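Single-structure report; data block below.
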Amino acid sequence: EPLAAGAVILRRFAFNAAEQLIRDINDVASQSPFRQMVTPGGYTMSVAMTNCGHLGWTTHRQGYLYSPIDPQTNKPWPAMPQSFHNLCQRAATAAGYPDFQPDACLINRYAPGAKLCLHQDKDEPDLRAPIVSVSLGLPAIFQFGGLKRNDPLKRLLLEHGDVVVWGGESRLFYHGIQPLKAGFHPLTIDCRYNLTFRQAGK
DNA sequence: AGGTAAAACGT
DNA sequence: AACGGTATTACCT
Ligand SMILES: O=C(O)CCC(=O)C(=O)O
Ligand SMILES: [Mn+2]
């Protein structure tokens, strides 16, 4: 059974690339550090975030926004690493989205207890483009639902190297991550990373 | 008129 | 602890 219409999980797809990906996460973060963003309502997110590529996802007083500038450094987000771009292209192709051209990569870091409550990815103007989501390090339970928040959820464990792609009919589906269980991973030690690639501009 | 925050407490 | 209320509103543009 496939994940959903237009959605697939490619288990361990990024396993072989993982060590290089993690080195490049560290390189990106050395320029635009991980930070826990504050919601418009004033709550600090448990996930720590940074971005690379032309556009980075951020919170603002006024809402959510894709911006070419890191508001913490006041400099452009770091360029998207070639390792990221290549892995993304290969995964998108395997998932049936060969033409995907991301201009944005959000890097999520989960410490024990960190979560991402059910939400839609909808700040992108071109919804024809899929989301490509790469898991690294400790395992997490990914929720994948429907167009409505109360639509029944699938819960899938995402392990190191797993890639999830959604788009088309499932592009706007609600999804999230349940509070991260503590553990050990030889490459990330005590955390999970996720890379989410999007076409956020035009 | 439409977009939209909640990507965030009680049972 | 899985499910669902809340935005059933108050602001922007
Ligand atoms: O960490 C994940 O697997 C999901 C991340 C996510 O939903 C997002 O970046 O919008
Ligand atoms: Mn998301």
Side-chain angles (χ1 to χ4, degrees), chain A residues 3-4 7 9 25 28-29 32-72 77 84 88 102-158 162-167 170-183 191-202:
Chain A
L3 184 43
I9 177 170
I25 288 172
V28 170
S32 278
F34 281 105
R35 87 290 312 260
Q36 290 172 254
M37 292 167 192
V38 182
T39 64
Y43 291 108
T44 299
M45 291 176 69
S46 61
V47 173
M49 293 172 165
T50 186
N51 295 271
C52 58
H54 297 300
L55 291 171
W57 187 85
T58 64
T59 68
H60 211 214
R61 283 183 170 264
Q62 297 90 324
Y64 311 143
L65 172 81
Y66 283 101
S67 64
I69 296 291
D70 181 342
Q72 186 162 301
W77 302 100
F84 282 31
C88 181
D103 55 14
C105 178
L106 173 61
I107 311 186
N108 299 127
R109 181 183 71 197
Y110 296 74
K115 69 181 184 306
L116 209 50
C117 289
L118 215 69
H119 65 273
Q120 297 170 290
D121 284 20
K122 60 177 185 186
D123 304 323
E124 310 77 26
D126 194 351
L127 295 172
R128 295 173 298 182
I131 304 294
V132 175
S133 187
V134 183
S135 300
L136 301 159
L138 291 173
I141 298 177
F142 179 67
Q143 304 173 328
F144 200 71
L147 275 179
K148 299 185 289 184
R149 197 259 191 148
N150 291 345
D151 285 340
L153 297 184
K154 288 183 174 184
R155 291 175 164 82
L156 302 84
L157 194 75
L158 299 182
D162 286 355
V163 176
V164 183
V165 184
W166 63 102
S170 57
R171 176 61 176 81
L172 289 175
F173 280 10
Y174 277 88
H175 60 278
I177 291 286
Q178 303 183 179
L180 195 79
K181 202 178 87 76
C191 73
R192 171 178 184 261
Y193 293 112
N194 164 268
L195 308 179
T196 299
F197 297 89
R198 302 178 180 86
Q199 189 206 128
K202 312 205 91 302

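Proteins come first, then strands; the chains are lettered A, B, ... in the order of their sequence lines, and each starts at number 1.
- Judged by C1'-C2'-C3'-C4', the furanose ring of C:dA7 adopts a south pucker.
- Taking atom P in both B:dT11 and B:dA7, the straight-line distance is 23 Å, to the nearest Å.
- For the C1' atoms, the distance from C:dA7 to C:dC12 is 14 Å, rounded to whole Å.
- Only the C1' atoms considered, B:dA6 is 16 Å distant from B:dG10, to the nearest whole Å.
- Nucleotide C:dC12 has B:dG2 as its partner under the Watson-Crick or G-U criteria, with both atom distances under 3.5 Å.
- The residue A:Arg61 sits apart from the nucleic acid: no heavy atom pair falls under 4.0 Å.
- Aromatic ring pairs are classed by plane angle as parallel below 30°, tilted from 30° to 60° and perpendicular above 60°; the pair A:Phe197 and A:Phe84 is perpendicular.
- Of the side-chain N and O atoms in A:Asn150, one or more sit less than 4.0 angstrom from OP1 or OP2 of C:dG5.
- Stacking of A:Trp57 onto the six-membered ring of B:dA7 is present: less than 5.5 angstrom between centres, less than 30° between planes.
- Between the CG atom of A:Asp123 and the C1' atom of B:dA7 there is a distance of 9 Å, given to the nearest Å.
- A gap of 22 Å separates the P atoms of C:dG4 and C:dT9, to the nearest Å.
- Looking at heavy-atom distances under 4.0 Å, A:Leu153 makes no contact with the nucleic acid at all.
- Remark: P of B:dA5 and CD of A:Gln62 are 13 Å apart, rounded to the nearest angstrom.
- Ring pair A:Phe142/A:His175 is tilted by interplanar angle, where 30° to 60° counts as tilted.
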